[PDB]
Protein chains: 2
Amino acid sequence: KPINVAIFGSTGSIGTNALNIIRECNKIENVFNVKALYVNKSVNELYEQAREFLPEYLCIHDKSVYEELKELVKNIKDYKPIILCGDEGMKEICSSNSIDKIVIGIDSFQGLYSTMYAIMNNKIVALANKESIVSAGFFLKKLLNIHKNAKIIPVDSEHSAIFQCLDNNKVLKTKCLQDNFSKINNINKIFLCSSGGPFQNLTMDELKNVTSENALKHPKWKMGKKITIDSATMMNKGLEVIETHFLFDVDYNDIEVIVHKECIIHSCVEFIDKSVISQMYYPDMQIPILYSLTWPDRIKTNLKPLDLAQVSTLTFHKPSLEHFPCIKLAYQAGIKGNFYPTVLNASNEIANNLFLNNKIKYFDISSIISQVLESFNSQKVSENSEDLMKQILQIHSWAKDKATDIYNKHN
Amino acid sequence: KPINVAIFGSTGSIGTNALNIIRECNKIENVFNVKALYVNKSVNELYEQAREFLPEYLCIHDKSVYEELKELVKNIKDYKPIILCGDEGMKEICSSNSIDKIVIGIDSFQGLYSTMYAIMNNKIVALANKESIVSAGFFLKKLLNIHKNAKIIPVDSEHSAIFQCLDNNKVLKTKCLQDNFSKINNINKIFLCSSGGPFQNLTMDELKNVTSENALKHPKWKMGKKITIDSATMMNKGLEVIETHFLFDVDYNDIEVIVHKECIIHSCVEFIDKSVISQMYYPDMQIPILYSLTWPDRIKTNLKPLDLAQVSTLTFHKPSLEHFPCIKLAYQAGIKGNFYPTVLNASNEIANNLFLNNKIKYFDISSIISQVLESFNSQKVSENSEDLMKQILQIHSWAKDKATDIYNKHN
Ligand SMILES: NC(=O)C1=CN([C@@H]2O[C@H](COP(=O)(O)OP(=O)(O)OC[C@H]3O[C@@H](n4cnc5c(N)ncnc54)[C@H](OP(=O)(O)O)[C@@H]3O)[C@@H](O)[C@H]2O)C=CC1
Ligand SMILES: NC(=O)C1=CN([C@@H]2O[C@H](COP(=O)(O)OP(=O)(O)OC[C@H]3O[C@@H](n4cnc5c(N)ncnc54)[C@H](OP(=O)(O)O)[C@@H]3O)[C@@H](O)[C@H]2O)C=CC1
Ligand SMILES: CCCCCCOc1ccc([C@H](SCC(=O)N(C)O)P(=O)(O)O)cc1
Ligand SMILES: CCCCCCOc1ccc([C@H](SCC(=O)N(C)O)P(=O)(O)O)cc1
Ligand SMILES: [Mn+2]
Ligand SMILES: [Mn+2]
């Protein structure tokens, strides 16, 4: 009974890590079939992955490299995949009855589109992309209410940890990103752990002048550029607070960010009796990815065992909101609700990219995001799913444009 | 739907803590009926508990204070309990259809008797007593195989932690102290945490001359004298290694003792994928006791919330087997199997009591236990439950006598 999986964003950090744990898992016993691979424009790298995994489907988003892809794959003998392009290609893969689970390793708001179509096709969605949940949580909840057999299984490491800390006897009565989830699961409060990022010990004077080169250098594992910058600003953790709220139905007052620099405890769940359960491992994404594909079971691996005497010390401290103002902006946006999380995500996408490209300074990131949030006024939420998606898109686009306009003006 | 509970050993540390969380839990909403209280000889204290809780049944083990108990309880107006004595009284309570769950807070090998009769009556046994499991694990397993609806739910804090870390979706397919439990639950390895006791930082020269007064002073919560001495020698943790083996069907090579002096992580479970799940709270017995009575659910409490920034640091180190030789003796006994754990428990009961009463020195404890273990020869295991109990009793008694004889001889 092999598990038929598609990897969306297969050439990025998540996608390559997913293919690695799959490869390793299969050597112990052949449990996964890699049925589809989808990328944006990394045509040479997708070709190489195609030669190794020989999926039934290949898809490339950028039309300008589709012909190139076909020409390359011609060089793989005895291999006749279905080779698709763009939105229509993604939709065709999601509607295939040969695919059971889809790993969403596409970055940014863009990952919402495939997330939505995977749910609409009643698939198990092993969701790493958090911008989708932040920007469109209420929408996704409505979609999941309609598509009974669709499920989001969280891959983001902290949310995987939380999910692993739950009793599946209770989980199986509901599913993530549903009303009443915390009540059913007896959840009282979440400790959302953070690495703290590379800037965690810097002074205010030092933060003023940090660069994106400083944020990107010497990663534990290479993550994509966007998340790496968000880790440095701790906007990642702000996004993950909102993600927690939506996935697990936890009030913002019951989500506490804790800086745990060793990254061994990945997050913790306090139940209503005050007992706390936590998930622990070395800093890795292989367990989150694997668990999303095996849940509700676990399978044998040969991963390096955790050794607590080796670790020796685990530390916890609260983050400074003066140093990391993005965290507070995320809580404020989440608490306001409505489309404020959409605005938060969109403005951050622009500010993150500006800092990445050395156009603005560290504290300008939070300044831009704050100004966009203050400029937004709540809208009535469309009652129809199609209109609600259009409204999310329009607000996301406006907020990106507003961020860019603020940048353009101070120049 | 109140939960009908008996408290065995109601005047001791476990028993009084059980009555405290019950009392507190009932204020939030009335979920427990205290149906029976049983003690050895603490007749005045049992009377006081009777006046507060007004259980249907009262039992006192020591015949010489039974009349006194009756005379005292006469002073409680409008109260006509059933007042029993000894083994026959315990058996009558265990066979009552009005009792659903029994907390076993009786110390030492003596706690085996009520444990056995609670299982024979198909009850939920909230078992704090570990000497029963160490001395008679294979026997209890056979009994639990026959008595389908009987269950041991562990109360010992580390074993409660382990149990809490399991997925009830899998637990409910089996029960503790059963063959194949680890396979069903996907358990690979256990981290068995320890406080390390009051002697953890002493040198060999200092250990030579430690006293029982040193071991007993200034407890976090007052525990009984026997367990307190076993914590000081780390024989408690040796006993708990064997307890882990039997409760959870974990090989001794897959049980690792770790000294965690802050006592926040109560123990950890490594699953076959290498993910680790742990349970955390302040050092307390209220959660273990409560969970044993609410499992498979959890209920609301108003316990002090865990605060990780307050805790700040968690530490882990391996215990020194030179300083704490009892640990190694326990592993050796467990690995040999047969009745060696019975012998280990019995010899320790004598050696612990000798040290408590200032008759022997610290390293004489392990010396006596080691000599008794070396003197024992494996026996064929009786095939009949009744004969098997007689054989356990005979070996336990011999091993106590052998320990005392070794003491008597070196004097
Ligand atoms: N990296 C990590 O360990 C973690 C990541 N995440 C989340 O996972 C997501 C992915 O992050 P990460 O892997 O770091 O990002 P990367 O930048 O490393 O990878 C992004 C991937 O998405 C592909 N992609 C981009 N646009 C499209 C498109 N329109 N259609 C199809 N594929 C597309 C890229 O293709 P191409 O190569 O062709 O450009 C690439 O394969 C993010 O949402 C992030 O927050 C969460 C937890 C940790
Ligand atoms: N204290 C703790 O926090 C922990 C304890 N445990 C285990 O729990 C058990 C109890 O320990 P603890 O509470 O510390 O011990 P205590 O010495 O504090 O209490 C023992 C209790 O058992 C009663 N008792 C003794 N013999 C009999 C008998 N024949 N019939 C009925 N009752 C009897 C005693 O009655 P009386 O008062 O009349 O003498 C007393 O109520 C031990 O097996 C220990 O290992 C495990 C984890 C932690
Ligand atoms: C050896 C110790 C140092 C390990 C450092 C490597 O581990 C991490 C772990 C987490 C993260 C977070 S960003 C990525 C993410 O969201 N994930 C993995 O779920 P954040 O900084 O926001 O908490 C970054 C690095
Ligand atoms: C504030 C930090 C200091 C807390 C010290 C108080 O907590 C503990 C916790 C555990 C124990 C063990 S003996 C009792 C027992 O078996 N339990 C509770 O399950 P051991 O020493 O064998 O690990 C003793 C004391
Ligand atoms: Mn994360
Ligand atoms: Mn214990």
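Looking at the method and resolution fields of the entry, one finds X-ray crystallography and 1.23 Å.

You'll find chain A entered in the PDB entry as 1-deoxy-D-xylulose 5-phosphate reductoisomerase, apicoplastic, with Plasmodium falciparum HB3 given as the organism. The title given for this PDB entry is "PfDXR - Mn2+ - NADPH - TAKK442 quaternary complex". Recorded in UniProt for chain A, the comment headed Catalytic activity runs: "2-C-methyl-D-erythritol 4-phosphate + NADP(+) = 1-deoxy-D-xylulose 5-phosphate + NADPH + H(+)".

Residue and element names in this part refer to chain A. Here the manganese ion (ligand 5) is held by the protein donor atoms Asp156 (OD), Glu158 (OE) and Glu240 (OE), which lie 2.0 to 2.1 Å from it. Look at where the donors of the manganese ion (ligand 5) fall in the sequence and you get D-x1-E-x81-E. The exposure class of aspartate 156 is buried, given its relative accessible area of 7%. Judged by relative accessible area, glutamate 158 falls into the buried class, the value being 9%.

Residues and elements named next belong to chain A. Within the UniProt annotation, "binding site: Mn(2+)" is assigned to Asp156, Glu158 and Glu240. Their sequence span is 85 residues, while the largest C-alpha to C-alpha distance among them is just 8.6 Å; these annotated residues converge on one region. At 2.9 Å, the side chain of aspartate 156 forms a polar contact with the side chain of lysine 130. Beyond its immediate chain neighbours, meaning those up to four positions away, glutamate 240 contacts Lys130, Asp156, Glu158, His159 and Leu192.

All names here are of chain B. Close to ligand 2 lie 27 residues; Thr11, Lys41, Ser42, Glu131 and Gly224 are nearest. Within the side chain of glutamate 131, a nitrogen or oxygen atom sits 2.8 Å from an oxygen atom of ligand 2. Contact between ligand 2 and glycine 224: an oxygen atom at 2.9 Å from a main-chain N or O atom of the residue. Its free accessible area being 900 Å², ligand 2 has 88% of it covered by the protein chains. Put simply, the parts of the chain that give the shell around ligand 2 at least two residues each are α1 (13-28) and β2 (32-39). Among the residues forming the shell around ligand 2, the class breakdown is 9 nonpolar, 13 polar and 5 charged. Composition of the shell around ligand 2 by domain shows at least three residues from each of domain 1 (3-155) and domain 2 (197-233 + 320-411).

Time to look at the nonpolar core. Counting residues in hydrophobic clusters, the biggest one holds 199 residues, and the most contacted among them are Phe8 and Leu344 of chain A together with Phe8 and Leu344 of chain B. For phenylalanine 8 of chain B, the residues in contact, after removing those within four places along its chain, are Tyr38, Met90, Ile93, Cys94, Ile102, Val103, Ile104, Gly105, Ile106 and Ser114 of chain B.

We now examine the pairing of strand β9 (residues 255-259) of chain B. All names here are of chain B. The element β9 is extensively covered by neighbouring structure, given that 5 of its 5 residues are classed as buried. Judged by which residues are buried, β9 turns out to be covered on both faces: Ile255, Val257 and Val259 on one side and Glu256 and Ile258 on the other are all buried. Summarising the sheet, strand β8 (residues 187-194) and β9 pair through 5 bridges and their orientation is parallel. Residue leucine 192 lies in a different strand from β9, and its bridge partner there is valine 257.

Moving on, we get to the sheet that holds strand β2 (residues 32-39) of chain A. Residues and elements named next belong to chain A. Taken together, the 7 strands give an open sheet; going across it, the order is β4-β3-β2-β1-β5-β6-β7, and neighbouring strands pair in parallel fashion. The open sheet has two free edges, formed respectively by β4 (82-85) and β7 (151-154), since each of these has just one partner strand. For this sheet the average axis-to-axis angle between neighbouring strands, irrespective of direction, equals 20°. Of the strand pairs in this sheet, strand β1 (residues 3-8) and β2 are connected by 6 bridges, and their pairing is parallel. Among the inter-strand pairings, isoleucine 7 is bridged to a residue of β2, identified as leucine 37.

A word on the environment of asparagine 149 of chain A. Residue and element names in this part refer to chain A. Note that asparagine 149 resides in the loop between α6 (131-146) and β7. As a C-alpha pair, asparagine 149 and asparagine 121 span 28 residues in sequence and 8.9 Å in three-dimensional space. The contact partners of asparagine 149, leaving out residues within four places of it in the chain, are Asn122 and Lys123.

This paragraph deals with the site of ligand 1. Residues and elements named next belong to chain A. In the region of ligand 1, 27 residues are neighbours, and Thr11, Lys41, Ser42, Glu131 and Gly224 sit closest. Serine 13 places a main-chain nitrogen or oxygen 2.9 Å from an oxygen atom of ligand 1. Between ligand 1 and the protein, one listed contact pairs an oxygen atom with a backbone N or O atom of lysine 41 at 2.7 Å. The protein chains hide 88% of the 910 Å² of surface that ligand 1 would expose on its own. Of all the elements in the fold, those that place two or more residues in the shell around ligand 1 are α1 (13-28) and β2. A class-by-class count of the residues in the shell around ligand 1 yields 9 nonpolar, 13 polar and 5 charged.

Residues and elements named next belong to chain B. The coordination sphere of the manganese ion (ligand 6), as far as protein atoms go, consists of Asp156 (OD), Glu158 (OE) and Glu240 (OE), spread over 2.0 to 2.1 Å. Here the donor residues of the manganese ion (ligand 6) share one chain and are spaced in sequence as D-x1-E-x81-E. Linking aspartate 156 in the loop between β7 (151-154) and α7 (157-164) with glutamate 240 in helix α13 (residues 235-248), this pair joins segments that are 84 residues apart in sequence. For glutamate 240, a relative accessible area of 1% translates into the label buried.

Take the packing of helix α6 (residues 131-146) of chain B against α13 of chain B next. All names here are of chain B. One can describe the packing of α6 onto α13 by two numbers: an axis separation of 9 Å at closest approach and a directional angle of 25°. On the basis of their axis angle, the class for α6 and α13 is roughly parallel. In this structure, α6 crosses over α13, and the sense of that crossing is left-handed. Residue-level contacts link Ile133, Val134, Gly137 and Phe138 of α6 to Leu239, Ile242, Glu243, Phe246 and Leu247 of α13. Considering only residue class, the contact of α6 with α13 consists of 7 nonpolar, 1 polar and 1 charged.

Our next topic: the sheet that holds strand β11 (residues 276-280) of chain B. Strand order in this open sheet of 8 strands is β9(A)-β8(A)-β10(A)-β11(A)-β11(B)-β10(B)-β8(B)-β9(B), and the pairing throughout is mixed. The strands lining the two open edges of the sheet, one partner per strand, are β9 (255-259) of chain A together with β9 of chain B. The mean inter-strand angle of the sheet, taken between neighbouring strand axes irrespective of direction, is 20°. Packing against the sheet, helix α13 (residues 235-248) of chain A makes contact with β8 (187-194) and β9 of chain A, and its axis sits at approximately 155° to β8 of chain A. In the packing of α7 of chain B onto the sheet, the strands contacted are β11 (276-280) of chain A together with β8, β10 (265-271) and β11 of chain B, and the crossing angle to β10 of chain B comes to about 40°.

Moving on, we come to helix α3 (residues 66-73) of chain A. One full turn of an α-helix is made of 3.6 residues, so residues set three or four places apart face in the same direction. Residue and element names in this part refer to chain A. Within α3, the full set of buried residues consists of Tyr66, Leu69, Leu72 and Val73. Considered in projection along α3, the buried side chains sweep an arc of 120° and stay on one side of the axis. Looking at the buried residues of α3, the elements they touch are α2 (43-53), β3 (57-60) and β4.

Moving on, we come to the packing of aromatic side chains. Considering all chains together, one arrives at 20 aromatic pairs over all chains under this definition. Centre to centre, the rings of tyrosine 340 of chain B and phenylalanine 376 of chain B are 5.0 Å apart; their planes meet at 90°, and the pair counts as edge-to-face. Here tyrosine 340 of chain B is found in helix α17 (residues 340-356), whereas its partner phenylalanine 376 of chain B is found in the loop between α18 (362-375) and α19 (385-410), with 36 residues between them in sequence. Taking relative accessible area as the criterion, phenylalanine 376 of chain B reaches 7% and is therefore assigned buried. Counting every residue linked through ring pairs, the aromatic cluster contains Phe163, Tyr291 and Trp295 of chain A. Of note, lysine 189 of chain A hangs over the ring of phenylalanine 191 of chain A, and the distance from its end group to the ring centre comes to 4.0 Å. The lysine or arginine in question, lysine 304 of chain A, covers the ring of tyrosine 282 of chain A, its NZ or CZ lying 5.9 Å from the ring centre.

Here is what the cut-offs are and how they apply
Sequence-order numbering is used: residues on each chain count from 1 as written, possibly diverging from the entry numbering, and only residues with coordinates are shown. Naming scheme: in the order in which they are written, chains are lettered from A and ligands are numbered from 1. The side-chain numbers reported here are obtained from all heavy atoms of the structure, hydrogens and water having been left aside. UniProt positions are given in the numbering used here, feature names are shortened, and annotations may be inferred rather than shown by experiment. Sites may look incomplete, because water is not among the atoms used; the donor set itself consists of N, O and S atoms within 2.8 Å of the metal (3.2 Å for Na, K and Ca). Residue exposure (1.4 Å probe, protein chains only): buried if accessible area is under 20% of the type maximum, exposed if over 50%, otherwise partly exposed. Under this definition, polar contacts are N or O atom pairs within 3.5 Å; protein pairs additionally need one hydrogen-donor-capable and one acceptor-capable atom, and for neighbouring residues in sequence, both atoms have to be side-chain atoms. Whether two residues touch is decided by their heavy atoms; if any such pair falls within 4.5 Å, the residues are in contact. Near, as used in this document, describes a residue that has one of its heavy atoms within 4 Å of the molecule or strand being considered. Working definition of accessibility: Shrake-Rupley area with a 1.4 Å probe, residue cover restricted to the visible protein chains. To qualify as a helix, a DSSP run of H or I must reach at least 4 residues; to qualify as a strand, a run of E must reach at least 2; elements of each kind are numbered from the N terminus. The nonpolar class holds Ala, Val, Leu, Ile, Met, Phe, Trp, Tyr, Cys and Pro. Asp, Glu, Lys and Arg form the charged class, and all remaining residues, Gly among them, are polar. Throughout, the edges of the domains are those of an automatic or database domain assignment. Within this scheme, the nonpolar core is defined by two criteria: the residues are buried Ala, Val, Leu, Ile, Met, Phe, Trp, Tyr or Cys, and they are joined through side-chain atoms within 4.5 Å. Strand pairing is defined by DSSP finding a minimum of two bridges between the two strands. For every element, the axis is a line fit to its C-alpha atoms; helices are fit only across the contacting stretch, and the angle between N-to-C directions ranges from 0 to 180 degrees. The cut-offs work like this: below 35 degrees is roughly parallel, past 145 is roughly antiparallel, 65 to 115 is roughly perpendicular, and the gaps in between are oblique. The handedness criterion is simple: a crossing whose near helix is rotated anticlockwise from the far helix by less than a right angle is left-handed, and one whose near helix is rotated clockwise is right-handed. Think of the arc as the fan of directions from the helix axis to the C-beta atoms. Under the pairing criterion, centres of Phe, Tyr and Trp rings, with the six-membered ring standing for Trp, must be within 6.5 Å; the plane angle then separates stacked pairs below 30 degrees from edge-to-face pairs above 60, leaving the rest tilted. The criterion is that NZ of a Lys, or CZ of an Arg, lies within 6 Å of the ring centre and within 35 degrees of the ring normal, and then a charge sits over that ring.

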